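Before any questions on how it binds or moves, here is one chain, the form deposited in one PDB entry, in structure tokens.
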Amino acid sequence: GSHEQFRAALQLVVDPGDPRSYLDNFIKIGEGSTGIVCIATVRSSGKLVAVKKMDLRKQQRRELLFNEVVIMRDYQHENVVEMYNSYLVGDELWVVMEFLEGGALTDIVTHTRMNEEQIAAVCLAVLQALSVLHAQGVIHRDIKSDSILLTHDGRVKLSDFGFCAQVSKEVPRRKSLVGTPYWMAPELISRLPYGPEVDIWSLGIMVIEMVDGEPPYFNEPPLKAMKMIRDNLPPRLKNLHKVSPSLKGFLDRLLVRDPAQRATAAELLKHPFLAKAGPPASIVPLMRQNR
């Protein structure tokens, strides 16, 4: 009864019909927790799209799917991966979305060194997106390099809202333990009521990735690392010598243990460091098929 109850709930928010009628040439490009992600062609237009397929009978939290679809059901931002449609195909949920030909940022931080112009460009894009997302009570809860996709001309788009949540004037905070261990904020790990600020911290951790090539305590087990993040002071850049005072000053506004003292997206947009940010063309040489 439980599973069949969820299907019925989906059918009230997903578009009716079988998308297999107009989609062709599926090619897998990703996998992991939720399900598999493929790209496919639309037969009517010849356009390329990306299709995320999530089996309902394989989710640790089946309700997190509903959240994602009803909350992003055609939200529209220049710096967010646009959703086109959602479908219920058998026991699977299909989310049809924009195809980002540039790939994920993870590929860039593990193979090259980004300069501060390129780091500031990424940050600027993420902040502009988060400022609006937070302004409407939406928390990503999984900001990291995997959640940052690129275009061919190097335009940054925030992706993977599989963990996102909605807060309101009535319910201004969340409680559930959600995200990736290494990028988690301390107030979130310590099992405390948290707000949108948990993304600013994770953004901070992602900045470390762009400099060190990996987040703090990445050598440790997930559980042990979380305990370290919980008890310890803010983490230190292994390549502190490589970063400018401007960046270091910027980063110090992100990795503040007290969520109240930690900066917000709207504030950070006015930081002098973001003036270093360059055009989307500057990201281009970093991409795999250019380097």
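So that the term is clear: the rigid core is the largest set of C-alpha atoms that superpose within 1.5 Å between two forms. A residue's number is simply how far along the shown sequence it sits, counting from 1.
Averaged over Cα atoms, the B-factor as recorded in the entry is higher for 229 to 237 than for the other of 41 to 49 and 229 to 237. Per-stretch averaging of Cα B factors for 200 to 208 and 214 to 222 places 214 to 222 on top.
The entry assigns its greatest Cα B factor, within the set 251, 243, 29, 64, to 64.
Note on 123, 178, 100, 80: the highest value goes to 178, judged by CA B factor as recorded. In this PDB entry, residue 152 carries a Cα temperature factor that places it within the middle third of its chain's modelled residues. The deposited CA B-factor of residue 75 belongs to the highest third of values across its chain. Annotation for residue 265: C-alpha temperature factor in the highest third relative to the rest of the modelled chain, per the entry. Ranked by Cα temperature factor within the chain, residue 128 sits in the middle third according to the deposited record.
Ranked against the other modelled residues of its chain, the C-alpha B-factor of residue 96 as given in the entry falls in the lowest third.
Form deposited in another entry: not shown, discussed below.
Only one of 261, 232, 244, 45 has its Cα shifted by 2 Å or more between this form and the one not shown after fitting on the core, and that residue is 45.
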